[PDB]
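Here you'll find one protein chain in two forms, each presented separately as structure tokens under the names structure 1 and structure 2.
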Structure 1
């Protein structure tokens, strides 16, 4: 469609009960959301439905992970169809904790992307290097290897978002500084041009994942190829509001 609609998704990780959640849902349901922005919220999985009942129709509910088949024997899992049945139109996949605390391989994240997309939930597929890789400067290969694999299982880019998360920027104000962010966002929108199509590159949202704070949010959203944000712990605090009102 015309110009890349700004995206701010907030991942609440395994934080919160219904009282803290209920109250945060009150702050959000009453913050001014610009039509500038498309906001999605990942609640913890015991509360995707709670959250969807309570939240305003204008904040999309997102699940934090899902599995590869519609229904099966896999205790502890959720499927896309259940995410859809609860009312959440998105799923967060390939997020770093899955990958590096719980070992989700790229072939699992492929298989998930593909299945989620078959069901008609939007994915935020996550990619990003650790410190040993930025050190070796092999950022290029490990963001690009990663995007080959998500991209190989995307069949219709309309529904997917890419979130660059440099692993080190999770959890400390150790952020990729605005130029750091954009070296790699640009290099990756360019990889999508090389390899997919100009219309995918042109229209795909690449959002920034790492430590977005109410401080950092406007300098960051001024890079040409940073399309919005994946907000970790700041989305749980009221400054989240400010991050929705970032690039204008």
Structure 2
């Protein structure tokens, strides 16, 4: 009773021709029954990607705003995302939080509006190195999860992605037992603060480093339900990561 979830976050990479090639590789690749596959292209190519991608793979926006229409030059709404045939949005990504300064409050508002509009939400959380080494990993990720939880009225269309930001571009790495450790406490937070039904049914995916060689061990961790893949989502080894349960 928890479907394996592999999301591919292309970030700000690619053009039509290069992403066409990427999409060609994904389409010919055989997706397992038990694996839910989601691709998040750059915002200019949500529409392009959805038209080229086989429908066995869902499309996600990388971000969105918190109202349906408005005076918000540079933003897109969940309504616009649905209109392009995309069914998900990535919210609270480490880069939005830490490069573009998006607050927990704002991320929460965005979650409420996305869910209300009928989109799925990949809600991202994670502690930085200085927070980890200060021994406050739990306080950070629980507070972040709390604000998301405060804006979720139905969890069936939510997926939680833990980003070990402390082990990203920093010369430090996360062992699979350290991934499992955090994932377990997050599911425990859901159990204690939301419900047992939500704790049991909610996918908690891992956003840290994953390769074709570490993906099987990571996937088999009991509280790891799949992946939000960065750089490797642009390469052929995304297919290995999709088949990490096989």
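Residue numbers count along the first chain shown, from 1. Shifts are known only where both forms have a C-alpha. So that the term is clear: the rigid core is the largest set of C-alpha atoms that superpose within 1.5 Å between two forms.
Among the candidates 173, 72, 120, 103, the CA atom that moves 2 angstroms or more between structure 1 and structure 2 after core superposition belongs to 173 alone. Relative to the superposed rigid core, residue 210 shifts its CA by 1.1 Å between structure 1 and structure 2. Core superposition between structure 1 and structure 2 reveals a single run of 3 or more residues with every CA shifted by 2 angstroms or more: 168 to 175.
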